[PDB]
Structure formats: C-alpha cells, structure tokens
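Protein sequence lines correspond, in order, to chains X and W.
One gets the deposited numbering by counting positions in the first sequence from 1 and adding 50 to each.
One gets the deposited numbering by counting positions in the second sequence from 1 and adding 50 to each.
Just so you know, even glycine gets a beta-carbon here, dropped at the ideal spot from N, CA and C.
There are 2 protein chains.
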Amino acid sequence: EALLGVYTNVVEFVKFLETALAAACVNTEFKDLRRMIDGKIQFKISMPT
Amino acid sequence: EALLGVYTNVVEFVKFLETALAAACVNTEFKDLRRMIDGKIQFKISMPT
C-alpha cells in the first residue's frame, strides 16, 4: 500500500534588491571575490584657505 | 588585491559678486588703487524749519 504525505513549502522572502535597505548601499556583483586579498580606496583632499 | 576607487575633492569657487552679500554693497572695479592716498565723499544737508 503506497502512502503519500503532505509537505509545506519554505516561506520565501523578498530579495535584497527588492527591499528598501538597498537605498543605503551601492550594490555590485563581483564574480570572483574569493580571489581578492584586500581592496582599497584612496582619497586626496585639497584644502583651501 | 584591487584598487576600487580613486576619489578627490574639487573646491568650487564662489565669487563675491554672485553671493547675495554683495546686495549690501556697491562694487566698482578700480584699476590703480595703489596710487590713491585717501578717498573722500562730502555731504550737504539743508534743514528747513
């Protein structure tokens, strides 16, 4: 006698680009980030008098 | 490791003649101000009775 069961699905959630939190961050898809050691940003601020 | 951004300030000049502070003044260009010793403006006020 073959028996069947009832399974309920995993409740899916709104993705990251579809929330309003991404208005605070700038999103890029860096494909190979496990190869990166460091990443730097360099500012150069000239100051008037 | 990676360079991700190389950023720098640019100081935009603000001319005196395009501030609204110059509304309270009268601006005349005077080519040779080093020649002048002293300026002078003379008033004549008549008073009726």
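- If you draw a straight line from the Cα of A73 of chain W to the Cα of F93 of chain X, it comes to about 38 angstroms.
- Taken through DSSP and simplified to helix, strand or coil, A52 of chain W comes out as strand.
- Counted as a single uninterrupted DSSP element, the beta strand (DSSP E) harbouring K94 of chain X occupies residues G89 to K94.
- Taking the C-beta atoms as reference points, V61 of chain W is found nearer than 8 angstroms to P98 of chain X.
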